[PDB]
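Quick note, the sequences are listed as chains B and A, same order. Residue numbers 789 to 802, 809 to 837, in PDB author numbering, belong to the letters of the first sequence in order. Residue numbers 544 to 547, 552 to 585, in PDB author numbering, belong to the letters of the second sequence in order. Please read the structure below before turning to the comments.
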Amino acid sequence: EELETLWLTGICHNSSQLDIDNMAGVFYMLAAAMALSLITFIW
Amino acid sequence: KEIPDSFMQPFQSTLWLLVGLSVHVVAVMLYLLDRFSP
């Protein structure tokens, strides 16, 4: 392990346009708004 | 080191314009329901 620490050593690891999945929820809420608007419009 | 705003112009202009067109269509539809009230 000491020699691998000497040689094989890296770094351990784990935007304004990150809402690519929020816009799907925007589309679902728009579809729900259109459906409820049709429900309120037919009566 | 110490190398330094994403508010509107460095912020994305695609989905913001989508929200603007969406509230435009919502305003048109709500005024259309306001005019045609059964």
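Yeah, the Cβ is synthetic: ideal placement off N, Cα and C, and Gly gets one too.
For residue i, which of the options has the nearest alpha-carbon?
i, options, result
"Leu-824(B)", "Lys-544(A), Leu-568(A), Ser-553(A)", "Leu-568(A)"
"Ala-818(B)", "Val-566(A), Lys-544(A), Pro-547(A)", "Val-566(A)"
From which residue to which residue does the alpha helix (DSSP H) around residue i run?
i, result
"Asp-581(A)", "561 to 582"
"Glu-789(B)", "Element bounds for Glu-789(B): n/a, residue is neither H nor E."
"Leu-832(B)", "816 to 836"
Quick one: measure Cβ to Cβ for residue i and residue j, integer angstroms, because I've assumed they're closer than 8 Å.
i, j, result
"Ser-810(B)", "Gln-559(A)", "5 Å"
Please go through the same chain and pick out, in chain order, the residues whose beta-carbon is closer than 8 Å to the beta-carbon of residue i, but skip the five residues on each side of it.
i, result
"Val-572(A)", "none"
Quick one: what's got a C-beta closer than 6 Å to residue i's C-beta in the same chain, skipping five residues either side?
i, result
"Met-576(A)", "none"
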